[PDB]
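The data below hold one chain only, encoded as structure tokens and taken in the form deposited in one PDB entry.
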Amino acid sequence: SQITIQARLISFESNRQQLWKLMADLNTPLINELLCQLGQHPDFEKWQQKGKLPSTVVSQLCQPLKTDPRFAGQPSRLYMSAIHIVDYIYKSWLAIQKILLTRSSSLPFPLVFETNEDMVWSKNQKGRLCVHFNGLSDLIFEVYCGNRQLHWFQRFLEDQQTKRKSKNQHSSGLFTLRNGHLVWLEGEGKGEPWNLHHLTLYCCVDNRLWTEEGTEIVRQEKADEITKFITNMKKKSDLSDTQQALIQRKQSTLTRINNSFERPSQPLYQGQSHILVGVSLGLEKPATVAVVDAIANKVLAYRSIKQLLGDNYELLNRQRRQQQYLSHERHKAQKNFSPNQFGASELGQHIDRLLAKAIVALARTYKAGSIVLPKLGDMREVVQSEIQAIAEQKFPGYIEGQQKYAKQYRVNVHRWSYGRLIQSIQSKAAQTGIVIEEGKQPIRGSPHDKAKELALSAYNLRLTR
């Protein structure tokens, strides 16, 4: 729900063949037909015009009796997986447009487990943390993960054991694992697409559930949402012999949420409202950080892009060179060519993650519960209004010199992934416990002044509300 981990799954050949023949021959045709029938179904204009869609129209388009001769021999959870995927696809598509869709790949569609369980674990004679699936209990796999993520799988197994020992008095809403994805991965070679295709499982986990105090905050979130749900729908709709069972089940979840788990106890990170960390993005320096406390109007510390990256500062120049080279070949090959997928490296993402981690670390060191960021939409102007301000520094009043230098500079220095940087800073701040706020970056001034004024303006906007 907040973090995703992954691990390869290694198992019998018969198990792999059976799972593939169940996926690519019985499941993916099912998802494709569900998408096609949803597209062909009437009221599509009403759905798209109104936005969103009714909750159970895919399940009600199962009314053509999914159990057709072509779809026989499938566990129910896999039917639910097909329903999940199709509903998510159409939900996202109908939200995007404010038309028939297909699969944007050649590999079989993944398997989605919106439920916590259906991933019953084990530990074979050799000690490996194996896993099988609901309906596919005969399919015993073996988890191959990294030591950087092993403790999550062991937490999964031990949470399942904890609930089992108490005869199901620990709520499955506090389980660390939320969803699982059985995604087939591409494999270079030739042969059957289950000996030359690797299966990888993705576990969705909430990092707050690792500790105990975060488990309490998720507890209180669950309690508030459940109480609002029951007090909003119980009071009306006159219920029936079906949604009264839902009321009873939500009440049992509410009571089961309090019989908590023995959990690591790392105290919650509490910041200060006074201290805001403002990260001002720019074109010459892609990010500059200031740690300003607004009560005393002083600034604790400025950090340039070199200081944040430390021993990874060479990655910035590597990425700038790679961006220049990629843009050069993309323009050069735009003459109706088709070269390779050049620059497949995720170096930009790597530097983004390094910057986000360093910024969050600097936020923690000064105990700041608010990191201030600029809006993405505004940014398309700032990089346009900064380069010209650079030209006026070198050729003041020489307009032709301004344009020439601006063109050469834009050739040498491009925009640097200002969206993924904000996204990863948000991810790391949410993981640590730091609130991300939006500010108004001044279009004029040095990067340090821009960062300080960004954070100060964010605080001044906050004080009103």
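We call the rigid core whatever largest set of C-alpha positions still superposes within 1.5 Å between the two forms. All residue numbers are counted from 1 along the displayed sequence.
There is another form of the same protein, the form deposited in another entry; it is not shown, and what comes next is about it.
Residue showing a CA shift of 2 Å or more between the shown form and the other one (rigid core superposed; candidates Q60, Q403, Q423, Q431): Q60. With a cut-off of 2 Å and the rigid core superposed, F261 has a Cα displacement that reaches or exceeds the cut-off between the shown form and the other one.
Once you line up the core between the shown form and the other one, the Cα of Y88 ends up 2 Å or more from where it was. In this overlay on the rigid core, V413 has a C-alpha that sits less than 2 Å away from its partner position between the shown form and the other one.
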